[PDB]
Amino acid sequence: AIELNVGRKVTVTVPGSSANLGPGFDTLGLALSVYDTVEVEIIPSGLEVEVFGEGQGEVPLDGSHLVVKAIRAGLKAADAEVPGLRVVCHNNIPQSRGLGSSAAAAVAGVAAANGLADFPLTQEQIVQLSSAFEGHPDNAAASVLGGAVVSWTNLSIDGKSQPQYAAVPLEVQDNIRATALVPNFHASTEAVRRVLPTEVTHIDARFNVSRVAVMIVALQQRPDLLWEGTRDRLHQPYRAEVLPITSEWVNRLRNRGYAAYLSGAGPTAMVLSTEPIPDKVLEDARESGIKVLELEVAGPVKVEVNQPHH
């Protein structure tokens, strides 16, 4: 293993992301313009980790351990080692709201480690390493690649064998935007997959196959089809049971023609459009205690090298 020098420092800016996008359960992801910023500096000894981003008076954020584990895993894959690390995080991605906070933290750490080692790893390797941690693969890929992505896993059966995680970028039309409606409750709990059935009808499976295909063309060239492409029968009807309020916001929005869907497993409802959502709709959400984020589709994780080369 090559030893990296004291003073080497990078600054990683990683976007959050939204998964599923309606019918694209465990496969589609969309990077969003809300960011965690992770500075990593090689120091002579010790591990120093700082995490900031919570409101005044509130309890400290999560993910510091996740960023560290990801940095370690990246350094290993880069065949590099360090005598010491200082890690400083400014996290703006809302956590446990279905906006890809954990996945982004893993991506930041792998990408930081890669930058520190002068970038020996490929994008494909970064997607592999970051996806293996806590956050889902469709989120991690979005945070790495930017834009909209298709992701998939090959469960290697010879034998253990960690799964392959792969992803490819979609083209997104430049005028598509994303508006998040983020409720307060840290719920949903991990009982949103205990609600997913073991069996579905062939007809419903068929339905999702065609609507995910429609969603992909909607994203790339037909934003008038976003409403059709965000229909789902594989996960949202079941999760609606657990998130009755989020479901009412999605239904209300969809009934008015908005391409609304459940962000990941919730409770955030996301709306994709080419025009801004009307003020009255957004202020109604805000008065109800729902945070409104008027976001852009984000580009890829960015790694800036702070320490000059000589």
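Just count from 1 along the sequence shown to find any residue number.
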{"item": "Residue range whose averaged C-alpha B-factor is higher in the record, 137 to 145 or 196 to 204", "value": "196 to 204"}
{"item": "Mean temperature factor over C-alpha atoms, higher-scoring stretch between 28 to 36 and 272 to 280", "value": "272 to 280"}
{"item": "Identity of residue with top Cα B-factor, from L262, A259, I245, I43", "value": "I245"}
{"item": "Candidate set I157, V110, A78, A218 [ranked by C-alpha B-factor, highest]", "value": "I157"}
{"item": "Chain-wide C-alpha B factor ranking for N20, given as lowest, middle or highest third", "value": "middle"}
{"item": "Relative C-alpha B-factor of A70, binned into the chain's lowest, middle or highest third", "value": "lowest"}
{"item": "Chain-relative CA temperature factor third for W227", "value": "lowest"}
{"item": "For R177, the third of its chain into which the C-alpha B factor falls", "value": "middle"}
{"item": "Ranked against its chain, the third holding the CA B-factor of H186", "value": "highest"}
